[PDB]
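As C-alpha cells, the structure follows; a few thoughts come after it.
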Amino acid sequence: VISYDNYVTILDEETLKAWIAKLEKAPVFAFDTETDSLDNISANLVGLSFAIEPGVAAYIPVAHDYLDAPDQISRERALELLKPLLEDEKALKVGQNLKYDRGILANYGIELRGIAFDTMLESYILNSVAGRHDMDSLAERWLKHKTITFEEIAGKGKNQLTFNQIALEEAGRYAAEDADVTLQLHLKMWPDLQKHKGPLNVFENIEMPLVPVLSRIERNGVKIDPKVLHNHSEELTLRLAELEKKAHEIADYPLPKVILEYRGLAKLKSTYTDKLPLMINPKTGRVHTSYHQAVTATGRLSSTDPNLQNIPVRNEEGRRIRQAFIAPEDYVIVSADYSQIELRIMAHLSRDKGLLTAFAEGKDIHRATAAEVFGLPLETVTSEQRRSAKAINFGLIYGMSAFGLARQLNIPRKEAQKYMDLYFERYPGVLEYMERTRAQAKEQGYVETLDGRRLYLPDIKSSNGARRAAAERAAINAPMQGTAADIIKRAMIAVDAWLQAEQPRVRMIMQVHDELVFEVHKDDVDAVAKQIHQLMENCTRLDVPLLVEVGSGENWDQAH
C-alpha cells in the first residue's frame, strides 16, 4: 500500500527550514495545498506538500483541528517561512491544477510565481482525447499506480469529513503522495512534450501562462442582480400558465407555435432563472464560474456551474438573462468580441482570395458569398439569399455533410448540392483545404491548429464504422475551432499582462464563446476599450484577418 514510513509529516520549524533549504536548491519541486473546501475563495489552507525527488515528499499540517490534534506549525508562520520561496519566479514548481493552489495562496496575500508545469495540462496538450486528465487517471496510465482517493481518507456522502478533521498521518499519506505522483508524472511527460515543437509551443506559451489568469477570472466573479432574475422567474411562471391555457383553448399552425414556446421558456426558467441567484458566494456577493481548461477536444475553455455558453445568445428571453449581469457602481460592462473568427480563419486556411477579399474590403461575408455564388450585384442580394449563403458558410465550419444544408435550410433537395458545388466553383480554396485536411487526418492520425495544437482522430481509419465519417468532419472542423481557441487564449494572456503591469480600473470577469467581458470604470472606458481592441487584434496571430467589435453598457446585454 503506502503509509506512515514513506513520507514525513513536518511538525516543527527546524525540520521545515531544513526542507526549505533543499527546496531552494532543487531544479523543480512538486507543490500541493490541502484545504477544507472546494470553493477556492472560502477554502481554508489546512496543510501543504512538496516533493523534491521521486519518493522524497513531506506534508506540513498547519490547521488540523480535530480532537486532541497534535501541535503543528501555525498557518501564519509556515506561510511566512514559505512565502519568499513560493513567490520566487525563478523557483519552478510542478503541480496538478495549479489554478486551484494559486487561488488558495491568494487568499493569504501570496502571489504564486514559479508556475512552470501543470501535469493536467501536460497530459492535455499531449493528446486531448486520451482520457480523463485528472491525477488519479494519469497515475494509472503513466505510472500504473493506484492513488489514495480523497473519499478513502474522508468518506463519502453527507458524512464525509473535511481535511482538517482527518488524522495527521492519514492526511500526510494522501497529501505527500499527491506531491510525489505529480512529480513522477512530470518526469515521464515532459521529455515527450519536448519531442514536438508544435505541442510544446502551445503548452509553454498558451496553456501554461493562462493558469494564473483563469484563477484571476474565476476569483473576480460576475456581479448578478437576483431581483431581476426573480421578476423574470415570476413572469415566466405566469407565461407558462397562459401558454398552457392557449393550447387548451385550441382543443402557419398556431398550436405547434405555443407548445414550442412553452418548452423553450420552461427549460430556460429552470436552467437559468431559478439556479443563477442561488449561485452567489456569500463572501464576495458574486457568482464565480468554473472554467475547465483541459476538457474539450479542441482546446476551447468550457465553463460549468454558470455554463455561460448555454444561455441563449439570440432569443429575447436570453437577452433578459444577459441583463442580470450587472456592472458595479460607476463601472460599466465592456464586451470585446471577435467577429466571424472561424469564418476568417477558414478564409486563411482555405487560402481563398475571394473570402480573403470580402473580409479585407469590409463586406458582410454572407452577402458577398451569396452575391458570388448566385452571381448578383452585392446591393440586390435578398434576405433569402443571405440566409442561404449563411447556411452554406456555417455548414462548412462544422464540416456538415451536404444534406445538412437541406435540413438547416429545411426546404431543397439536390438544389442544395447545386449550391455546394457552385460555392466550390467560386471558392475552390475551401475544398482544396477540405481535401488536404482529410488527407493528413488519414495519413498522420491527427490534425493541427495554426499554433501546433493537435487533435488526434483515432477513428479516421476506422474499418467502416459508418459514422466513422464523424472523424472526417472533426478532421475539417478542429483546425478552425482550435485556432479560434488558441487566439482567444493568447488574447486573454496578453490582456491580463497589461492589466497586471499598468493596473487600470478594469477586471476581466468572464470569457464566453469568442468574447471577453470586463468591468471597467465609467471614466476609463474610452481608453480601456482602445487598448483592449488593439491588444486583441495585434498581439495574437497576425496571419488571420482579425476584427474585434468592442461594446460597453450598464449590463452585459447592453454591452453585447
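How things are named: the first chain in the C-alpha cells is A, the next is B, and so on; residues count from 1 in each chain; ligands count from 1 in the order shown.
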Got a sec: who's within 12 Å of residue A:84, counting only C-alpha atoms, leaving out chain neighbours fewer than 2 positions off, as a list in words? residues 20, 21, 23, 24, 78, 79, 80, 81, 82, 86, 87, 88, 89, 90, 91, 110, 111, 112, 113 and 114 of chain A
Contacts of residue A:9 within 9 Å, only C-alpha atoms, excl. fewer than 6 positions in-chain, as a count of residues only: 9
Excluding stretch 121-131 of chain A and residues on its chain fewer than 4 positions from it, collect all residues at most 8 Å away from it, counting only C-alpha atoms, and give them as a list in words.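 Result of the neighbour search: residues 117, 137, 138, 186, 189, 190, 193, 199, 202, 203, 207, 208, 293, 294, 295, 296, 297, 298, 453, 454, 455 and 456 of chain A.
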For the residues in the current selection, export C-alpha atoms as an mmCIF file, in the first residue's frame.
data_model
loop_
_atom_site.group_PDB
_atom_site.id
_atom_site.type_symbol
_atom_site.label_atom_id
_atom_site.label_comp_id
_atom_site.auth_asym_id
_atom_site.auth_seq_id
_atom_site.Cartn_x
_atom_site.Cartn_y
_atom_site.Cartn_z
ATOM 1 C CA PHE A 117 4.437 22.816 -15.096
ATOM 2 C CA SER A 137 -6.310 8.728 -14.085
ATOM 3 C CA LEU A 138 -2.833 9.839 -15.092
ATOM 4 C CA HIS A 186 6.010 15.335 -14.801
ATOM 5 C CA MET A 189 5.631 13.509 -19.661
ATOM 6 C CA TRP A 190 7.924 16.441 -20.026
ATOM 7 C CA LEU A 193 6.332 17.025 -24.787
ATOM 8 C CA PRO A 199 2.574 20.782 -28.747
ATOM 9 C CA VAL A 202 1.061 25.600 -27.176
ATOM 10 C CA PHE A 203 1.850 24.192 -23.652
ATOM 11 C CA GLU A 207 -1.595 26.711 -21.826
ATOM 12 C CA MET A 208 0.817 27.428 -19.010
ATOM 13 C CA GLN A 293 -9.069 24.100 -19.082
ATOM 14 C CA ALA A 294 -8.476 20.514 -20.061
ATOM 15 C CA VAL A 295 -11.809 19.117 -21.070
ATOM 16 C CA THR A 296 -12.604 19.908 -24.704
ATOM 17 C CA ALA A 297 -11.038 18.005 -27.541
ATOM 18 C CA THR A 298 -10.387 21.283 -29.405
ATOM 19 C CA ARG A 453 -2.195 22.164 -31.003
ATOM 20 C CA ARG A 454 -3.189 18.679 -32.249
ATOM 21 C CA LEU A 455 -6.441 16.746 -32.343
ATOM 22 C CA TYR A 456 -5.984 13.017 -32.655
#
Nearest to residue A:66: which of A:155, A:163, A:106, A:214 is it, counting only C-alpha atoms?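 Closest candidate: A:163.
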Surrounding residues of residue A:434 excluding itself and chain neighbours under 5 positions, 10 Å, only C-alpha atoms, as a JSON list (two decimals) with C-alpha atoms, in the first residue's frame:
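File around39.json, as written:
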[["chain", "number", "residue", "atom", "x", "y", "z"],
["A", 349, "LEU", "CA", -6.78, 28.10, -44.13],
["A", 350, "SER", "CA", -8.57, 27.80, -47.49],
["A", 396, "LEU", "CA", -18.52, 24.41, -43.88],
["A", 399, "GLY", "CA", -17.85, 20.09, -42.00],
["A", 429, "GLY", "CA", -9.75, 27.05, -51.95],
["A", 439, "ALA", "CA", -5.87, 13.52, -46.22],
["A", 472, "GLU", "CA", -13.54, 13.31, -41.14],
["A", 473, "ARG", "CA", -15.96, 16.04, -40.12],
["A", 475, "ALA", "CA", -10.91, 16.50, -39.11],
["A", 476, "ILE", "CA", -12.13, 19.56, -41.01],
["A", 477, "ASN", "CA", -13.69, 21.40, -38.03]]
Determine, counting only C-alpha atoms, which protein, DNA and RNA residues have an atom within 12 Å of an atom of residue A:342; residues of the same chain fewer than 6 positions away are not included. Present the result as a tab-separated table (two decimals) with N, CA and C atoms, in the first residue's frame.
chain	number	residue	atom	x	y	z
A	348	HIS	N	-8.27	32.08	-44.37
A	348	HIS	CA	-6.83	31.92	-44.48
A	348	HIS	C	-6.42	30.46	-44.68
A	349	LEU	N	-7.07	29.51	-44.00
A	349	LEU	CA	-6.78	28.10	-44.13
A	349	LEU	C	-7.09	27.66	-45.54
A	350	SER	N	-8.18	28.17	-46.13
A	350	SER	CA	-8.57	27.80	-47.49
A	350	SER	C	-7.72	28.52	-48.52
A	393	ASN	N	-21.96	28.63	-45.36
A	393	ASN	CA	-20.82	29.04	-44.54
A	393	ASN	C	-20.71	28.41	-43.16
A	394	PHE	N	-21.78	28.35	-42.37
A	394	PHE	CA	-21.68	27.71	-41.07
A	394	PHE	C	-21.71	26.21	-41.19
A	395	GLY	N	-22.07	25.68	-42.35
A	395	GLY	CA	-22.07	24.25	-42.57
A	395	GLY	C	-20.63	23.85	-42.78
A	396	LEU	N	-19.92	24.63	-43.59
A	396	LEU	CA	-18.52	24.41	-43.88
A	396	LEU	C	-17.70	24.39	-42.62
A	397	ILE	N	-17.96	25.30	-41.68
A	397	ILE	CA	-17.26	25.34	-40.40
A	397	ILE	C	-17.45	24.03	-39.67
A	398	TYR	N	-18.64	23.45	-39.67
A	398	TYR	CA	-18.87	22.20	-38.95
A	398	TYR	C	-18.67	20.98	-39.82
A	449	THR	N	-3.74	22.91	-35.29
A	449	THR	CA	-4.27	24.26	-35.38
A	449	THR	C	-3.10	25.12	-35.84
A	476	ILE	N	-12.06	18.22	-40.43
A	476	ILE	CA	-12.13	19.56	-41.01
A	476	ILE	C	-12.54	20.64	-40.02
A	477	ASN	N	-13.32	20.35	-38.97
A	477	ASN	CA	-13.69	21.40	-38.03
A	477	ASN	C	-12.62	21.75	-36.99
A	478	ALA	N	-11.88	20.76	-36.45
A	478	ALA	CA	-10.89	21.00	-35.41
A	478	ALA	C	-9.85	22.06	-35.73
A	479	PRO	N	-9.22	22.16	-36.91
A	479	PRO	CA	-8.24	23.20	-37.20
A	479	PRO	C	-8.86	24.59	-37.03
A	480	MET	N	-10.14	24.78	-37.39
A	480	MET	CA	-10.79	26.07	-37.28
A	480	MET	C	-11.22	26.38	-35.85
A	481	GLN	N	-11.83	25.42	-35.18
A	481	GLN	CA	-12.29	25.63	-33.82
A	481	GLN	C	-11.12	25.79	-32.86
A	482	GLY	N	-10.04	25.04	-33.07
A	482	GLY	CA	-8.84	25.09	-32.24
A	482	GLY	C	-8.01	26.35	-32.45
A	483	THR	N	-7.94	26.88	-33.67
A	483	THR	CA	-7.21	28.11	-33.88
A	483	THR	C	-7.95	29.25	-33.22
A	484	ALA	N	-9.30	29.22	-33.25
A	484	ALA	CA	-10.12	30.19	-32.55
A	484	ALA	C	-9.75	30.13	-31.07
A	485	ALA	N	-9.78	28.94	-30.44
A	485	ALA	CA	-9.43	28.77	-29.04
A	485	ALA	C	-8.06	29.35	-28.74
A	486	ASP	N	-7.00	28.93	-29.45
A	486	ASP	CA	-5.66	29.45	-29.25
A	486	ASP	C	-5.62	30.96	-29.29
A	487	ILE	N	-6.27	31.57	-30.28
A	487	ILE	CA	-6.31	33.04	-30.39
A	487	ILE	C	-6.99	33.67	-29.18
A	488	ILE	N	-8.14	33.16	-28.73
A	488	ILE	CA	-8.80	33.70	-27.55
A	488	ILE	C	-7.82	33.67	-26.38
A	513	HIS	N	-17.74	31.88	-25.48
A	513	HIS	CA	-17.63	31.77	-26.95
A	513	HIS	C	-16.42	32.55	-27.50
A	514	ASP	N	-16.56	33.63	-28.28
A	514	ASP	CA	-15.40	34.35	-28.82
A	514	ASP	C	-15.35	35.73	-28.22
A	544	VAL	N	-4.15	35.82	-39.66
A	544	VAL	CA	-5.57	35.58	-39.85
A	544	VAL	C	-6.18	36.97	-39.86
A	545	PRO	N	-7.16	37.35	-40.71
A	545	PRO	CA	-7.76	38.69	-40.70
A	545	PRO	C	-8.70	38.83	-39.48
A	546	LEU	N	-8.22	39.44	-38.39
A	546	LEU	CA	-8.99	39.54	-37.17
A	546	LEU	C	-9.69	40.87	-37.00
A	547	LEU	N	-10.88	40.83	-36.38
A	547	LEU	CA	-11.67	42.01	-36.09
A	547	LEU	C	-12.31	41.84	-34.73
Leaving out residue A:505 and any residue of its chain fewer than 6 positions from it, which residues lie within 8 Å of it when counting only C-alpha atoms, given as an NGL selection string? :A and (520-521 or 524)
Please extract the residues of stretch 325-477 of chain A with a backbone DSSP assignment of helix (DSSP H, G or I) and present them as a PyMOL selection string. chain A and resi 341-349+353-360+365-374+378-380+383-397+403-408+414-426+428-444+467-477
Just list as a PyMOL selection string whatever in stretch 28-230 of chain A DSSP marks as strand (DSSP E or B). chain A and resi 28-35+45-53+56-61+92-95+115-118+222+224
